[PDB]
Amino acid sequence: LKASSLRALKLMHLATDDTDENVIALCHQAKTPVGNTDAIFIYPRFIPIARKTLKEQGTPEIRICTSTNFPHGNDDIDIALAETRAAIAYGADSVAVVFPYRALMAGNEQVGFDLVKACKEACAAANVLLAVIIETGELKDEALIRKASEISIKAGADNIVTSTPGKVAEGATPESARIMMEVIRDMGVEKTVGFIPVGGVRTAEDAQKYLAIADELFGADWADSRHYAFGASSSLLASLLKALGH
């Protein structure tokens, strides 16, 4: 439980609305007595001040993740793309674009493909990772979750993500995480696509079990910081630190 808790802590993308003050506190929160989270997750406009804060406290390696087409997942590619370009300009390490899940649910699979592909173009050129949030809690159905993951991967997603941080009453479940990870396995893209459960993981016990699914599916070496991340907040961090004696 200690080994798993330290491992999970180091995979966290820590999130808190964001304000200058909140974000500064978040950066400090990411540097713990036992090590640093891999990243923080914030709105694009706070990327410059977070980068400064991280540098000043001597943790320049803590990455900054953000989101676009957020939180609604509308089907306007031009807007999603503009937002993604802006996120890149602010200095994002990764952009998580929200998939147009309502469009998919209405039977339009093409727009999700074109949207993700356009954003991936723009991120790849800037050496920024593109994650895709499919919003499993809105899709609900296994087939829709599989299809959104597949479309996302075919369009070039670097990571597939369950849910939008903070989405009321919606988060990763062992079932959705399993489905999404099976898509990665089945499509043969484990080297190039990672997974991010957002929500659903509140305890050290939870984190241990989630990682066990990853280790089971892909072997124990797979879920490094590039291929797995816990998108979570203070509750999980606190639980992990307690498991570790803080």
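Residues numbered from 1 in each chain as written, not as in the entry; some residues may be left out. Heavy atoms only, no water. Residues with missing side-chain atoms left out of burial classes, pairs and counts.

For the chain, the PDB entry supplies the name deoxyribose phosphate aldolase and the organism Escherichia coli. The record deposited in the PDB is entitled "Optimization of the in silico designed Kemp eliminase KE70 by computational design and directed evolution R5 7/4A".

Moving on: the nonpolar core. Among the nonpolar cores identified, the biggest contains 81 residues, and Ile40, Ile42, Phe99, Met181, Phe195, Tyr228 and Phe230 are the most heavily contacted of them. Counting residues per element, this core draws most heavily on helix 10 (residues 204-218), at 8 residues. When near neighbours in sequence (up to four residues on either side) are disregarded, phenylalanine 99 contacts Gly73, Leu104, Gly112, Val116, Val132, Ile133, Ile134, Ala148, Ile151 and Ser152. (Core = buried A, V, L, I, M, F, W, Y, C linked by side-chain atoms within 4.5 Å. Buried < 20%, exposed > 50% of the residue type's maximum accessible area, 1.4 Å probe, protein only. Helix = DSSP H or I, 4+ residues; strand = E, 2+ residues; numbered from the N terminus. Contact = heavy atoms within 4.5 Å.)

By the definition in use, this model includes 9 salt bridges. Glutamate 56 is the partner of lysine 52 in a salt bridge, and the nearest nitrogen-oxygen pair spans 3.2 Å. With a gap of 4 residues between them, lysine 52 and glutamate 56 both fall in helix 3 (residues 47-56), about one helical turn apart. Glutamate 216 is the partner of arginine 178 in a salt bridge, and the nearest nitrogen-oxygen pair spans 3.4 Å. Of this pair, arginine 178 sits in helix 9 (residues 174-187) while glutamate 216 is found in helix 10, placing the two residues 38 residues apart along the sequence. A cluster of three or more residues bridged by salt bridges with shared partners is formed by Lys120, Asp158 and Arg226. (Salt bridge = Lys/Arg side-chain N within 4 Å of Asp/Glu carboxyl O.)

In the contact formed by helix 1 (residues 2-9) and helix 11 (residues 234-243), the axes pass within 9 Å of each other and the chain directions differ by 145 degrees. Viewed along their axes, helix 1 and helix 11 form a crossing whose handedness is left-handed. Of helix 11, the residues touching helix 1 (which contributes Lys2, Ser5, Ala8 and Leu9) are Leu237, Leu240, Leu241 and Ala243. Its residues assigned to classes, the contact of helix 1 with helix 11 comprises 6 nonpolar, 1 polar and 1 charged. (Axes fitted to C-alpha atoms, helices over the stretch in contact; angles between N-to-C directions. Left-handed = near helix turned anticlockwise from the far one by under 90°. Nonpolar A, V, L, I, M, F, W, Y, C, P; charged D, E, K, R; others polar.)

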